[PDB]
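Novice: My complex, part one, positions kept as in the full thing:
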Amino acid sequence: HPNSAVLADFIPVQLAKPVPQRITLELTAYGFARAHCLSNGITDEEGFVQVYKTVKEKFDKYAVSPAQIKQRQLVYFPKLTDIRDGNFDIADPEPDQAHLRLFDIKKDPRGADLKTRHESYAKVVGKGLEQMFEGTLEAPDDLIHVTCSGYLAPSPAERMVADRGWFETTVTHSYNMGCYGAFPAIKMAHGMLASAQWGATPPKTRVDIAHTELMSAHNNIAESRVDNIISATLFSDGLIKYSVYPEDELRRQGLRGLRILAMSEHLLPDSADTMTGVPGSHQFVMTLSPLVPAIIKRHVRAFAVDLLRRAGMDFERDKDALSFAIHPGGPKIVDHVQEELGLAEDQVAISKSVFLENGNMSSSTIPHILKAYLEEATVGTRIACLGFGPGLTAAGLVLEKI
């Protein structure tokens, strides 16, 4: 096919061994309780014990459970060494890796300030990027950097590109587009191949897209609000990259891929305050209203109907033969979308699995799901991809494995 772009070669990197969810819940409850006491000047022991009991009860009530997420990669969760009489014993790290310690449960419960967290994000994402691109043999024409969890100029992506001596590669930042960030990056990539075909640049044969989300860098243990307990137990870290080729180049290379058939994205009414993020003195501060599932449920089916129509497909006739890659924004989101679209389990199985084994890795989640489809599905399989994030924004893509 001429005028066709194709996703391929998804490469994730794990930077830290995932932590079993029940351990994350025990230590996070403990930290929240310590922080609450520091923030409120509670220094007596019985007082701690009372607060700690209340805190555990709230986690038991609201936290994402180990039945919902089995484990999470949390680069900035304490090392199992060293987690140590009714408390936990968190060893100071060796000055040699102080940059992994951003929380403080002893002195200042606000923990590291935003500059310090950004310096750490650059060092951690820098190493993650070198690993993701270690098997890259030739520079891309473009490299797109997706993140909503650390904003530096120049970025760790620009520094990697310069480190590889790739002085003919355009670097574009695709930033602050939250959980759905893969969708604008693939649209920009499809746009770069199409701009080249129009002649505004010389020809191009590959765009790489690198996501580096360190949501654990934004831990906030000083705020006990329910939505913060939920976020602290829901989100996880994820680093993954993939390429977008013009289909003739994909073929010349003998590669299998997911051909882009259509894209869509826009805002949903009466929703802007329901999912927010603002940089503060210490971290990117997030809010996440419990109204969000209902608003997603309200608009998903119409959005999917239109998305299929843009692909030359018809929802009524074609949706039974489709897979649906659905971003698992919260524990029930895939189920809500599944119910509203009338989907069978086998249509949404990979999305549920990625969530269960990894938690919500922000924009890196849909790429992990697409990675699984590309590695498991038969050629000919068509996939409708749906994601939702701040705006609220609905984003969609229709793909066909080739």
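Specialist: Yep, it's here. Numbering: from 1, shown residues only, chains lettered A, B, ... in the order given.
Novice: Sheet partners, orientation included, of the helix or strand hosting residue A:262?
Specialist: Using DSSP states H and E, residue A:262 sits within strand A:258-267. Here strand A:258-267 has these sheet partners by DSSP bridges: strand A:5-12 (antiparallel), strand A:393-401 (antiparallel).
Novice: Show the subsequent helix or strand relative to the shortest one.
Specialist: Meaning strand A:5-12. Downstream of strand A:5-12 (by DSSP H and E), the next one is strand A:19-20.
Novice: What lies in contact with the helix or strand just after that following strand?
Specialist: Following strand A:19-20 in sequence order, the next helix or strand is helix A:21-40 (DSSP H and E). Residues from elsewhere that reach helix A:21-40 (Cβ atoms under 8 Å, 6 or more residues apart in numbering): A:42-43, A:47-48, A:51-52, A:55-56, A:59, A:63-66, A:68-72, A:74, A:77-78, A:80, A:83, A:87-88, A:103, A:105-109, A:221-222, A:224, A:229, A:232-233, A:359. Every C-beta, even on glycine, is put in place using the N, C-alpha and C of the backbone.
Novice: before we move on, back to that, ranking the strands paired with strand A:258-267 by burial, who's on top?
Specialist: strand A:393-401 (a mean of 24; mean count of other Cβ atoms under 10 Å).
Novice: May I see the strands paired with strand A:258-267 organised as CSV, with distance to residue A:144 added?
Specialist: Formatted as CSV, the strands paired with strand A:258-267 follow (distance: least, Cβ to Cβ, whole Å):
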stretch, distance to residue A:144
strand A:5-12, 12
strand A:393-401, 15
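Novice: between the ones you listed, which one is nearest to residue A:354?
Specialist: Ranking the strands paired with strand A:258-267 by their distance to residue A:354 (criterion: Cβ to Cβ) puts strand A:5-12 first, at 10.9 Å.
Novice: Distance of the most centrally placed residue in chain A relative to residue A:336?
Specialist: For chain A, the residue nearest the mean C-alpha position is residue A:362 (2.0 Å; Cα atoms, centre = their mean). For residue A:362, the distance to residue A:336 equals 19 Å [Cβ to Cβ, to the nearest Å].
Novice: Please name the residues that touch residue A:64.
Specialist: By Cβ under 8 Å, 6+ apart, the residues touching residue A:64 are A:21, A:230, A:233, A:234, A:331, A:359.
Novice: Need phi/psi at the fourth one.
Specialist: For residue A:234, the backbone dihedrals are phi -100, psi -40 (criterion: degrees, to the nearest 10).
Novice: Repeat that for the second one.
Specialist: Phi and psi for residue A:230, reported as degrees, to the nearest 10, are phi -60, psi -50.
Novice: what are the bridge partners for the spatially closest residue to residue A:391 that is not a sequence neighbour, then?
Specialist: Closest residue to residue A:391 apart from its sequence neighbours, by Cβ to Cβ, 6 or more residues apart in numbering: residue A:267 at 4.8 Å. Beta-bridge pairing for residue A:267 (DSSP bridges): residue A:393.
Novice: What count of nearby residues applies to residue A:267?
Specialist: Residue A:267 is flanked by 12 other residues according to other Cβ atoms under 10 Å.
Novice: thought it was touching residue A:390?
Specialist: No. Assessed by Cβ atoms under 8 Å, residue A:267 is found out of contact with residue A:390, at 9.8 Å.
Novice: Could you tell me which residues make contact with the residue nearest to the centre of chain A?
Specialist: Residue A:362 neighbours (Cβ under 8 Å, 6+ apart): A:148, A:149, A:178, A:179, A:181, A:213, A:215, A:235, A:238.
Novice: Chain B comes next; put it on the structure above:
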Amino acid sequence: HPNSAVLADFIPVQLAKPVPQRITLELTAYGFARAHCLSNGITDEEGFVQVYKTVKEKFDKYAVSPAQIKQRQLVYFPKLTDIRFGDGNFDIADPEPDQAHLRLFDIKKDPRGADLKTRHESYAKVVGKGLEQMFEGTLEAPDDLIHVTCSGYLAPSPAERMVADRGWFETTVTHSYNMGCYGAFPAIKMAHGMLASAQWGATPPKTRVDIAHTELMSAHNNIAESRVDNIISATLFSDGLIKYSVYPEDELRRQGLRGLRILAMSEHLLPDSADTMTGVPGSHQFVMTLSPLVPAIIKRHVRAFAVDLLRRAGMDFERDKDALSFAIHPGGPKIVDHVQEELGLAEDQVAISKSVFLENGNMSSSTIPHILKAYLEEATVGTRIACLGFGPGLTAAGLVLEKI
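Specialist: Below, chain B sits with the chains from the block before:
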């Protein structure tokens, strides 16, 4: 032309009356001096007098002068009517209550000033009003609206909130963020991509992409650091808000508009220069550093970059350059001169870029769009313009345009 995109309809909005450079230098030196004393708990008068004398000397040596930049729009600098003076010190009157979020510095208590979240909340307010002014004449929603900034990152953004306020629920919004002073270039690049992606059929047909730049550099005032490159930054940058549209050429003709047709685009990093221009969000503002080496590094790479850029548009640098205008981002007081000299250009080929700088200062990513607006108004039809911008990376960005 088929497969052709075209810039048009540049609309700036001025939010605050520009302040003459000399009073900004005086008040800013005073703020730096008061902040050094506050930071250090120095309360002695003579002690303050001595620091202030030292600070003024550093500004006389290093600050961008009124000969280099006549005035700047600075939303976060007080209006001249609120300044009190007389004894060599300054005081600032209380702002009108609905304008209190305009006060993000503190020279009486805690010289770090407003924290980063408070600054983002003020930026949301100012930019929200700016956007409403910028899009007040818009008669039909665009297919896409690209928000450009490097001076305030919120989710959802003021641009997405505007789009929802207007009921524009078929408009895709894309954030084109953290690409610094050259940020019009990736934005124009994404707009072109969106029109070409539509032609490929991955979306329905599109007729207009709007790009809205909102740069409030003055929200990032940092009077607590007296290092030289911060004296330069505090006196060089300025605020700028401006929107423009990218049309497929057939639509632009249907509308009867003049525009700048896009012929070619290029962008890539310069070697060994990542640490020469940096920004990092901290507790109170985006902290910037700017190396004195930037001009030499740009100068040493700009010719090969321009030759390649012209080649991408079908042109030959040595044969064709005398006929082109060159829009050059004025990143610092000597940048256009340096580029001008390396490329062997005549004053008249770079005059608008120097005038924009002299009249406005460096409005970050908004500066190139103001230059292009002037070429669109003033240039003869058929004039071709090579546009060059620099920013962190370092990154060199190029665009070749033709007025139609």
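Novice: The contacts of residue A:362 again please, this time with chain B.
Specialist: Neighbour list for residue A:362: A:148, A:149, A:178, A:179, A:181, A:213, A:215, A:235, A:238 [criterion: Cβ atoms under 8 Å, 6 or more residues apart in numbering or on different chains].
Novice: Of those, which is the nearest to chain B?
Specialist: residue A:178 (5.8 Å; Cβ to the nearest Cβ).
Novice: Phi first, then psi, for that closest one.
Specialist: Torsion angles, degrees, to the nearest 10, at residue A:178: phi 50, psi -140.
Novice: got the residue ranges for the strands in the stretch 201-350 of chain A?
Specialist: Counting by DSSP state E, counting those that start in this stretch, the segments of the stretch 201-350 of chain A that form strands are A:207-213, A:238-246, A:258-267, A:275-279, A:284-288, A:323-326.
Novice: Can you list the strands that the first one pairs with?
Specialist: By that I understand strand A:207-213. strand A:142-147 (parallel), strand A:238-246 (antiparallel).
Novice: Would you format those as JSON lines with mean neighbour count included?
Specialist: Compiled in JSON lines, those are given as follows (neighbours: other Cβ atoms under 10 Å in any protein chain shown):
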{"stretch": "strand A:142-147", "mean neighbour count": "26"}
{"stretch": "strand A:238-246", "mean neighbour count": "26"}
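Novice: Is residue A:193 in contact with residue A:204, as I believe?
Specialist: Yes. Residue A:193 is within contact range of residue A:204, at 6.1 Å (criterion: Cβ under 8 Å).
Novice: element containing the residue of the stretch 151-300 of chain A found nearest chain B, please.
Specialist: Across the stretch 151-300 of chain A, no residue is closer to chain B than residue A:191, which sits at 2.1 Å (Cβ to the nearest Cβ). Using DSSP H and E, residue A:191 falls within helix A:182-198.
Novice: Next, the angle from that helix to strand B:144-149.
Specialist: Interaxial angle of helix A:182-198 relative to strand B:144-149 (axes from the mean of the first three to the mean of the last three Cα atoms, to 10 degrees): 110 degrees.
Novice: from the chain's centre, how far out does helix A:182-198 sit?
Specialist: 21 Å (Cα atoms, centre = their mean, to the nearest Å).
Novice: Kindly report the same for stretch A:262-272.
Specialist: Averaging C-alpha positions (Cα atoms, centre = their mean) puts stretch A:262-272 19 Å from its chain's average.
Novice: what about it, near chain B?
Specialist: Yes. Against chain B, stretch A:262-272 shows contacts by Cβ under 8 Å from any Cβ of the partner chain at A:262, A:263, A:264, A:265, A:266, A:267, A:268, A:269, A:271, A:272.
Novice: residues contacting the fourth one?
Specialist: Translated: residue A:265. By Cβ under 8 Å, 6+ apart, the residues touching residue A:265 are A:180, A:183, A:184, A:187, A:393, A:394, A:395, A:396, B:172.
Novice: now for these, which pair is the farthest apart?
Specialist: A:187 and A:394 (13.7 Å).
Novice: how about the nearest residue to residue A:169 once chain neighbours are set aside, what does it touch?
Specialist: Nearest non-adjacent residue to residue A:169, counting by Cβ to Cβ, 6 or more residues apart in numbering or on different chains: residue A:139, 4.8 Å away. The contact partners of residue A:139, taken as Cβ under 8 Å, 6+ apart, are A:161, A:164, A:166, A:168, A:169.
Novice: Please apply the same query to residue A:226.
Specialist: With Cβ under 8 Å, 6+ apart as the criterion, the residues that contact residue A:226 are A:58, A:62.
Novice: cool, and residue A:198?
Specialist: By Cβ under 8 Å, 6+ apart, the contact set of residue A:198 is B:3, B:4, B:192, B:196, B:199.
Novice: No further questions, thank you.
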